[PDB]
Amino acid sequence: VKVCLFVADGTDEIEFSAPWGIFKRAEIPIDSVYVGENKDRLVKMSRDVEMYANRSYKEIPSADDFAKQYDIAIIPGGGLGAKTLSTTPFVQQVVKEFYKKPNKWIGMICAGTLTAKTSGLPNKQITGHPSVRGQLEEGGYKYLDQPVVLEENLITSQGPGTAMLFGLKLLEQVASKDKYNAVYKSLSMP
């Protein structure tokens, strides 16, 4: 299994770090893939952390090529980061390709959940940050006020406070119960 954590200028640090750290603990390969202008892959996160992404998306020639490399695509939030990711055709194309495929998985958290709406995903239910609830429900989704929603192979989640639950939900789809439980235990979930 092979994970892509998308990242842009303006991506939220908390929502990035939780899935990152969970998949690393699981010993599941994960790359950060930057969508932006910086030629050095230096990202200015939402709350001003400056981080190097592993890759630029420009390295990947198409969505079909992306699908040959990765099994899980994760779209974190933060207002600016989500605006950029959600309005990038490459990201949308990956999400559309992955949706309802066997052994592919999509995660979106906070304002990142707007990517379901822009890509035209036909899931019925969704969650996202309360600040984007109206926008989601505008798009015909039925909003669920719970930390995480799974429909088909799309995981959505609300905010920085639910980033750990979100990462875990993703991991749960792809890890054995044995591995899941071991990672879970190591986290000290409250």
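When you see a residue number, it is the position in the sequence shown, counting from 1.
- Two stretches are in play, 117 to 125 and 33 to 41, and the higher mean C-alpha B-factor belongs to 117 to 125.
- Comparing 173 to 181 with 20 to 28, the stretch with the higher mean C-alpha B-factor in the PDB entry is 173 to 181.
- By the numbers in the PDB entry, the CA B factor is greatest at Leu144 among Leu154, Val49, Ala53, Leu144.
- Sort the modelled residues of the chain by CA B factor and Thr87 lands in the highest third.
- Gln135: CA B factor lies in the highest third for its chain, per the PDB record.
- Annotation for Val1: CA B-factor lies in the highest third of the chain's modelled residues.
- Placement of the Cα temperature factor of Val7 within the chain: lowest third of the modelled residues, per the deposited record.
- Annotation for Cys110: C-alpha temperature factor in the highest third relative to the rest of the modelled chain, per the entry.
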